[PDB]
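S.K.: experimental coordinates follow, after the sequence.
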Amino acid sequence: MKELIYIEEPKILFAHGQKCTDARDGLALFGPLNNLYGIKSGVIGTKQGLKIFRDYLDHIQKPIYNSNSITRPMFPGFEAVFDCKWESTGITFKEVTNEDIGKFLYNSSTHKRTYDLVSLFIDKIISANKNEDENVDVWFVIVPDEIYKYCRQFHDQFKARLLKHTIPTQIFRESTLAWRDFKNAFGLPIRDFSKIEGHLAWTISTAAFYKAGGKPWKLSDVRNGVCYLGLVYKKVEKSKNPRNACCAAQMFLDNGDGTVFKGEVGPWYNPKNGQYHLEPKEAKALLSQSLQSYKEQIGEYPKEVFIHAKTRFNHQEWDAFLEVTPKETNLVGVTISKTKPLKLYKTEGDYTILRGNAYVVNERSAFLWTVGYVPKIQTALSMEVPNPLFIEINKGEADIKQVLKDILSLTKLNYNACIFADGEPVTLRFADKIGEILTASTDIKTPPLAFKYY
Amino acid sequence: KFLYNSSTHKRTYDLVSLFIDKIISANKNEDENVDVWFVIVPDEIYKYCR
Amino acid sequence: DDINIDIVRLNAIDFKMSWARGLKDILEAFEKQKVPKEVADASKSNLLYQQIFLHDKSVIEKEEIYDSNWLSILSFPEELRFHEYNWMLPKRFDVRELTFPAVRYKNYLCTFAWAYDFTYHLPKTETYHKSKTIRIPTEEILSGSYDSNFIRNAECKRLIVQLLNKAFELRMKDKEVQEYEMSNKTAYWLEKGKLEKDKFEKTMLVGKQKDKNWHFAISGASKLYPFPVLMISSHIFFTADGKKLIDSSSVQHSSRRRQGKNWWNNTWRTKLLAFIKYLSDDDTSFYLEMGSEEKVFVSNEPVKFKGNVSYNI
RNA sequence: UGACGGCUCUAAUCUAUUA
DNA sequence: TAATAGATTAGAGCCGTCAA
């Protein structure tokens, strides 16, 4: 007989001061926070890729309906939602011949063909950005179903090699936008989106609007003076050793006005294999970088810093953290895990445990159900029984209830997708994506450090 | 802090450094999409920067 | 006191806190006053009506207790013994083959059993002394009151975990269960036969889909955090005939994914409860072996969880 | 690179002990 | 410099997302 506490669902702030809980409903009811005028689409690829992009873009002008609009809200249309003109008349097309892909695909090696394909694509994009007068806001790279299949590394290297030019790029697969046509040898769509077409339109439109300089939404309930972080460790494989720990971080204050969320980036390296920990000098450098980023933007150092991680800290890096941390700044190192196999079953039958139930084990440890039944959409976010996140304050002092509330608040800022909520604080997810991109090509000085470029 | 030095190359270099560093930081790590940048220089910079 | 006097006595609709809530209020008033409205399109303008209700919340506030996969540990044997087999224990001798679980240490043997409980395996230990073996109580080491330089309390807890896991592995050998070796754990599942070809208190434990048979499997692991418990994980395995498994990871993964496509919370909970009730030695628990006279009894009911906020259909 | 969830499998590291 | 176990990690691959 144990007890479960409950924490209220956070609200995200939309246009003209309107809050809500679902991103899709809030967008369809009030629209994005900011106002763009239009999106100038640059397209790079084959002629049939241009045709697919054009017909999909003209497809998402008109409203799209789901099989059950309660679980998946309908998409009213791009100009209806985002009040921006993302129309087929703004396309600037660069032609990549199928024969070039023929030479660069049918070789024997895998690294060399990936490098050749990336060289071709980024070279066309770089030339079009450098020595042309047409302006492109987002470059869409429509690849056939022979690159993402036979060369999957291509995406990571492609995004890593464009970082020196700050080109917002959106990769697409021909089957993604031509799922109706892209049937199998049996004549059946392997990617049947008939009942969830509006969901795909929501995701694509929100990603494109975000990469084009727009801010669709932001969380409304987060206190000032607290800066959140997320550190993730990746293995680099192209080096001499099998793996060397590479730490990359994402960063999030609140703002002067609203939702500063950039990512304290610039990878740090520990050569010892398996030691997912920071040496004192690297921890000092990272903490100083984040603190200076806060200081230059607001003018005073934050009073609370909530460092997240998927690993446990050791004492050396923690004391280094305190060494560089000022005396007036609180430091709370939290750890978030998933491998603990706890499961709560509903005794009443079909539907699963409601999302938001917290099993506060003690002052410094609790379980949180960030994924589960949501009463508003009337559906569980998983298929099997969801597994909670084991959130335990590893170092420092802070309320466990407040920590759980902040973790449930930071699971809504997934601009890469249009869903109700994520199953992990988005800071860690975006730090993971940044590290994955950065550890693909080992030549980037002062990485761009903005999420639209990743 | 830069305009009141002695050498003309040094003050020009520091001023251009300030401006272009702010512009490049804004370009690299801000989520906006600025189409054209507009540099409003007071009538005390270009007057003595040539 | 600033609203004009010509509208104060009129009822007002609140819009300050939200516009969707105010819109819902407007719609309620309009429907209750029967205001004309038409042009119901084939594109279902009722969906927009559904969405502009803002939406509901968890105001129902039921209790709706929940169960788990956690078995509470109760009635722990009072102490564990270290047997100083200084030269009595032969070297290059593993400890797994012992019918009675133990862990090798520096020179001793760590177990809940008494000294002469391994007479068959090591008959030379007949003349073993009692003053050699040192006894550590269990009820106080769990609370963290123990501290020594001979052994660390955390290492003792890890040793207890090892003993419990060894006992759990041993107890399924004679329980007529079939074991499967996964990536890092062993899963124990019942076979065809013993039931009415499928049942346990009315729960289909082994079934058959389109072509082959699917079996429900349980994996277990002992822990002491937050408190001494036994954790259970569920699995679905596939056999072509029922007596022979498929030695392919990809086929098994595909079949497991397809079978779990239709299962829901009630199915998982009932199957877990039936499987765990099967292993019962008595009416309300089941015991694991650590001593000739000392047993570790485990509750056969999962640790229930209680909430105060819930939902409905 | 449309996006999430869930499993499976493969590896390494740190604690202790013994060869 | 190989053996156990526990505990902690990351990475790669694959299927479901509907109404039946």
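M.R.: Right, received. Where do you want to start? Numbers count the residues shown, from 1 in each chain, chains lettered A, B, ... in the order given.

S.K.: okay, CA-based contacts and neighbour counts for the rest of this
M.R.: Will do.

S.K.: so which bits of the stretch 51-200 of chain A are right by chain B?
M.R.: Residues of the stretch 51-200 of chain A lying close to chain B by Cα under 8 Å from any Cα of the partner chain are A:137, A:166.

S.K.: so which residues of the stretch 51-200 of chain A form helices?
M.R.: A:78-81, A:98-105, A:111-130, A:154-161, A:174-177, A:197-211 (DSSP state H, counting those that start in this stretch).

S.K.: right, so those helices: which one is the most enclosed?
M.R.: helix A:197-211 (a mean of 22; mean count of other Cα atoms under 10 Å in any protein chain shown).

S.K.: ok, that helix near RNA strand D or not?
M.R.: Yes - using Cα under 7 Å from any atom of the strand, helix A:197-211 reaches RNA strand D at A:199, A:200, A:203, A:204, A:207.

S.K.: can I assume residue A:384 is in contact with residue C:262?
M.R.: No - counting by Cα atoms under 8 Å, residue A:384 sits too far from residue C:262 to count as a contact (9.1 Å).

S.K.: so for those two, which residue has more residues nearby?
M.R.: residue A:384 (15 against 10; other Cα atoms under 10 Å in any protein chain shown).

S.K.: for chain C, which segments count as helices?
M.R.: Ranges of helices in chain C, per DSSP state H, are C:19-32, C:46-51, C:138-141, C:153-171, C:249-259, C:265-278.

S.K.: hey, which of those helices is tucked in deepest?
M.R.: Ranked by mean neighbour count, these are led by helix C:265-278 with a mean of 20 (mean count of other Cα under 10 Å).

S.K.: report the contact partners of the residue of the stretch 251-400 of chain A found nearest chain B.
M.R.: Scanning the stretch 251-400 of chain A for the residue nearest chain B gives residue A:262, at 6.8 Å (criterion: Cα to the nearest Cα). When contacts are counted by Cα atoms under 8 Å, 6 or more residues apart in numbering or on different chains, residue A:262 touches A:250, A:251, A:252, A:449, A:450, A:451, B:29, B:30.

S.K.: with residue A:227 instead?
M.R.: Residues in contact with residue A:227 (Cα under 8 Å, 6+ apart) are A:251, A:252, A:253, A:254, A:294, A:302, A:304, A:305, A:306.

S.K.: who's the closest residue to the third one other than its chain neighbours bridged to?
M.R.: Just to be clear, that refers to residue A:253. Leaving aside its sequence neighbours, residue A:253 sits nearest to residue A:227 (Cα to Cα, 6 or more residues apart in numbering or on different chains; 4.2 Å). Listed beta-bridge partners, residue A:227: residue A:305 (assigned using DSSP bridges).

S.K.: and the gap between residue A:227 and chain C?
M.R.: Distance check for residue A:227 against chain C: by Cα to the nearest Cα, to the nearest Å, it reads 28 Å.

S.K.: then residue A:318?
M.R.: Separation of residue A:318 from chain C (Cα to the nearest Cα): 23 Å.

S.K.: output the contacting helices and strands for whichever strand or helix holds that residue.
M.R.: Per DSSP states H and E, residue A:318 falls inside helix A:315-324. Of the remaining helices and strands, those touching helix A:315-324 by 3 or more Cα pairs under 8 Å, 6 or more residues apart in numbering or on different chains; DSSP states H and E are helix A:280-298.

S.K.: which bits of the stretch 201-313 of chain C sit near DNA strand E?
M.R.: Contacts of the stretch 201-313 of chain C with DNA strand E, taken as Cα under 7 Å from any atom of the strand, map to C:222, C:223, C:250, C:253, C:254, C:257, C:258, C:261, C:262.

S.K.: list the contacts for the residue in the stretch 101-250 of chain C positioned nearest to DNA strand E?
M.R.: Proximity of the stretch 101-250 of chain C to DNA strand E (Cα to the nearest atom of the strand) peaks at residue C:162, 4.4 Å away. Residues near residue C:162 by Cα under 8 Å, 6+ apart: residue C:103.

S.K.: cool, the one 5 residues further on as well?
M.R.: The neighbours of residue C:167, taking Cα under 8 Å, 6+ apart as the test, are C:101, C:288, C:289, C:290.
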